[PDB]
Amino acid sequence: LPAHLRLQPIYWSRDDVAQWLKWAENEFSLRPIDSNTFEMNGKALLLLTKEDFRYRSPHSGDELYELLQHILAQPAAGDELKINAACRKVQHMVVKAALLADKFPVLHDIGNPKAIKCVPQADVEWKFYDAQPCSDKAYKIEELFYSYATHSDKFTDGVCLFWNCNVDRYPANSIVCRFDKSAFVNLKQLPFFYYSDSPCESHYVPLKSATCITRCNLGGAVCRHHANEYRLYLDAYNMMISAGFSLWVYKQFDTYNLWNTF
């Protein structure tokens, strides 16, 4: 019911687990137990045995254990609008960072039928392609079905963007989001990072993370604003990974290029 509990349990935080205990107490009329009965995150919860659940909660552990197994068997369907917004947030983050890091002069947006830039304030020439452009944006979209066998010698300037545009094989100069390996041989998996160049502001649980690429993290003292934004971005990113999307990137992508922007 709480949005985080619609993620796969491996994504649950320690607070998410506690909210799970409360949701389950109401849903199954269980004896209330201390919010600290399972002080761990979901990754840890999944390593417990059923005996551990029974020892930890004599009155309800077996039920909680079986509930978790039911959740792992029938994963919660996500909300389509929330997942769309999440994926869009990630798209903007990732493409903004790529352009800042490598200063591509042209972006080839392949599989974009609406001619909408995810990063409209970047200094880059944006070009759109789609096999079936929306008829109200086709005037500025190249009608093109991409196949590596036909186009691998094209679009070699700048960077290519394939945001959920499933082609036979991506070219090496690509940013890719794919929903569920030979399509990806020219690329590498893209690890999580958060980048921001917005002003730092101090007015939380201090954020410690090597993947918060902000000016205030150069010295390890993340400001409250970026702590907040990092955590919101991580929630959006978890919701897109938990739904089956994965990110891939051109092999030269380097987060130190982002640090150097400061």
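Heads up: residue numbers just count along the shown sequence, starting at 1.
Of the other entries compared for this protein that flank it with modelled residues, all give atoms for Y230, so not even a third lack it. In the comparison with other entries of the same protein, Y204 is left without coordinates in at least one third of those covering both sides of it. Deposited sequence between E80 and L81: no residues lack coordinates (chain continuous). Per the record, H203 and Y204 are separated by a gap of 4 to 9 residues from the deposited sequence that were not modelled. Taking only CA atoms, the mean B-factor in the PDB entry is higher for 47 to 55 than for the other of 47 to 55 and 189 to 197. Per-stretch averaging of Cα B factors for 133 to 141 and 68 to 76 places 68 to 76 on top. Taking the PDB entry at face value, the top CA B factor among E125, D109, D180, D102 belongs to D180.
Per-chain ranking of the deposited C-alpha B factor places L258 in the lowest third. In the deposited entry, the Cα temperature factor of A85 sits in the top third of values across the chain's modelled residues. Among all modelled residues in this chain, the alpha-carbon of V249 has a temperature factor (C-alpha) in the lowest third. For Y233, the recorded CA temperature factor ranks within the lowest third of the chain's modelled residues.
Ranked within its chain, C223 lands in the middle third, by CA B factor from the PDB record.
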